[PDB]
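J.:
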Amino acid sequence: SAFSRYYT
Amino acid sequence: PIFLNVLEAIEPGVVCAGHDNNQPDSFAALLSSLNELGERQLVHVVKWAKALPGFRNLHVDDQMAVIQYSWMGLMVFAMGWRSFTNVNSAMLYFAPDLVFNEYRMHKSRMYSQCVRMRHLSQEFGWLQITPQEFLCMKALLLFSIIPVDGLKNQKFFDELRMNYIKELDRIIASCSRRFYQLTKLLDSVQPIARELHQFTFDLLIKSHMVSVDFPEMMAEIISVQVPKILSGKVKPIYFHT
Ligand SMILES: C[C@]12CCC(=O)C[C@@H]1CC[C@@H]1[C@@H]2CC[C@]2(C)[C@@H](O)CC[C@@H]12
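Protein sequence lines, in the order shown, are assigned to chains B and A. Residues in the first sequence are numbered consecutively from 1, following PDB author numbering. Numbers 671 to 843, 851 to 918, taken from PDB author numbering, label the letters of the second sequence in order.
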C-alpha cells in the first residue's frame with residue numbers, strides 16, 4: 001500500500 | 671514523569687490545509703481541502719505515533735493497522751482541542767487556513783457531523799480538561815479501535831493500552854467522577870468518527886461525480902481499511918457499555 005511503503 | 675515529558679515533546683505543531691480562501695465556499699473546494707488536510711495530518715500522526723512510549727513494541731503490521739483505523743478519532747479529538755483553545759469552540763479550527771463557520775458547516779453538507787464536533791470541542795471547556803489530560807486521552811485514542819478477530823500480537827497491544835489507561839488515571843491523581858467523565862468523553866469520539874467514516878466513504882465512492890479530490894493515501898485507506906470498520910470487522914473499544 002501507499003501507507004505501508006511510506007510507513008516502512 | 672517521563673511519560674508526560676514524552677507526550678509534550680512529540681506533540682505535532684501546526685498543519686495548514688493549503689486552502690485557497692479566495693475561492694467561494696463550495697462543497698467541492700471545502701471537501702477537497704479537508705481531504706488534503708487529512709493526508710498531511712496523516713504524515714504527522716505517523717511520525718508522532720512511532721515516537722510514542724512502547725509503540726515499537728507492537729508487531730509492525732499492528733502498528734500500521736492501529737494507525738489506519740484510529741486516525742479519524744485522533745484527528746477529530748485534536749481539532750476539537752484546537753477549536754477550544756483557539757476560538758473557544760465558536761468555530762471548527764481544522765487548520766489556521768481552514769476555519770469552519772456555520773456557513774461552511776452548511777456548505778460542506780456535513781452540518782450535523784460538524785455540530786457533534788463543536789459539541790465535543792465544547793466539552794473541553796465544560797469539563798475544564800487540562801493540556802495534560804488532552805495529551806494522554808489523545809494517546810489512548812490510538813489504542814481505541816481493533817479488529818474483532820484481534821491483532822497480530824494481541825498481548826503487546828493489550829499491555830500497551832493498559833499502560834496508557836494507567837497513565838491517564840495517574841495524571842488525574851471525588852476524582853472518581855473525573856475518570857468516569859474523561860472515559861465517557863473518550864467514548865463520545867467514537868460515534869462521531871463513525872459518522873465521518875460513513876460520510877467519507879460515501880463521498881469517495883461518488884467523488885468523481887462531485888469533483889472532490891482524494892489524495893493518494895486517503896483514497897486507499899478509505900477504500901481498504903475504512904470498510905473493514907463500516908462492515909463490522911473492526912470495532913472501537915468502548916470504556917462504558
Ligand atoms: C480528518 C479531517 C481533517 C483533519 C481534522 O482536523 C479533522 C477532520 C474531520 C473530518 C474529515 C477531515 C479529513 C477529510 C474527511 C475524511 C472528508 O473526506 C470527510 C470528513 C473529513
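From the three backbone atoms N, C-alpha and C, an ideal C-beta is built for every residue, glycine too.
Report yes if the C-beta of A699(A) is less than 8 angstroms from at least one heavy atom of ligand 1; otherwise report no.
T.: No.
J.: Determine contact between the region 811-818 of chain A and the region 730-737 of chain A, defined as no fewer than three beta-carbon pairs at a distance below 8 angstroms.
T.: The answer is yes - the region 730-737 of chain A touches the region 811-818 of chain A, with three or more Cβ pairs under 8 angstroms.
J.: Taking only beta-carbon positions, decide if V684(A) is within less than 9 angstroms of chain B.
T.: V684(A) does not count as touching chain B.
J.: Which residue wins for smallest C-alpha separation from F891(A), given the options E803(A), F794(A), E706(A)?
T.: The residue with the shortest Cα to Cα distance from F891(A) is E706(A).
J.: Listing by chain order, which chain B residues have their CB less than 9 angstroms from the CB of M734(A)?
T.: Under the 9 angstroms cutoff, chain B gives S1, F3, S4, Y7, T8.
J.: Can you list, in chain order, the residues of its chain with a C-beta nearer than 6 angstroms to that of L881(A)? Leave out the 5 residues immediately preceding and following it.
T.: Around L881(A): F891, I899.
J.: State the Cα-Cα distance for the pair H714(A) and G708(A), rounded to the nearest angstrom.
T.: Answer to the nearest angstrom: the Cα atoms are 10 angstroms apart.
J.: Is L821(A) helix, strand or coil by DSSP?
T.: Note: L821(A) maps to coil in three-state DSSP.
J.: Could you pull the start and end residues of the beta strand (DSSP E) that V911(A) belongs to?
T.: Residues 911-913.
J.: Drop a sphere of 10 angstroms on the beta-carbon of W751(A), count the other beta-carbons inside from all chains shown, and report buried for 16 or more, exposed for fewer.
T.: Under this definition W751(A) is a buried residue.
J.: If you count every other CB in all the chains shown that lies within 10 Å of the CB of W796(A), and 16 or more means buried, which is it?
T.: When all chains shown are included, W796(A) counts as exposed.
J.: Any heavy atom of ligand 1 inside 8 angstroms of the beta-carbon of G708(A)?
T.: Yes, the Cβ of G708(A) comes within 8 angstroms of a heavy atom of ligand 1.
J.: Anyone know if the C-beta pair for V685(A) and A765(A) falls short of 9 angstroms?
T.: Against a cut-off of 9 angstroms, the Cβ pair of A765(A) and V685(A) comes out as a contact.
J.: Is DSSP giving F697(A) helix, strand or coil here?
T.: Of the three classes helix, strand and coil, the one that applies to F697(A) here is helix, per DSSP.
J.: For chain B, find out if any of its Cβ atoms is closer than 9 angstroms to the Cβ of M894(A); answer yes or no.
T.: Yes, because at least one Cβ of chain B sits closer than 9 angstroms to the Cβ of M894(A).
J.: Would a check of beta-carbon distances place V785(A) closer than 9 angstroms to chain B?
T.: Cβ-Cβ to chain B under 9 angstroms: no for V785(A).
J.: Using a Cβ-based criterion (distance less than 8 angstroms to any ligand heavy atom), does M775(A) qualify as near ligand 1?
T.: Checking every heavy atom of ligand 1 against the Cβ of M775(A), none is found closer than 8 angstroms.
J.: Touch check for the region 815-834 of chain A and the region 717-736 of chain A: three-plus C-beta pairs under 8 angstroms?
T.: Verdict: yes, contact present.
J.: Relative to chain B, which residues along the region 869-884 of chain A have a C-beta separation below 9 angstroms, given in chain order?
T.: Of all residues in the region 869-884 of chain A, none has a Cβ within less than 9 angstroms of some Cβ in chain B.
J.: From the DSSP output, in three-state form, read off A719(A) for me.
T.: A719(A): helix per DSSP, three-state reduction.
J.: List, in order along the chain, the chain B residues whose C-beta lies closer than 9 angstroms to that of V901(A)?
T.: Under the 9 angstroms cutoff, chain B gives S1, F3.
J.: Which residues in chain B have a C-beta closer than 7 angstroms to the C-beta of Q738(A)? List them in chain order.
T.: Simply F3.
J.: Taking 9 angstroms as the threshold (beta carbon to beta carbon), is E897(A) in contact with chain B?
T.: It does; some Cβ of chain B falls within 9 angstroms.
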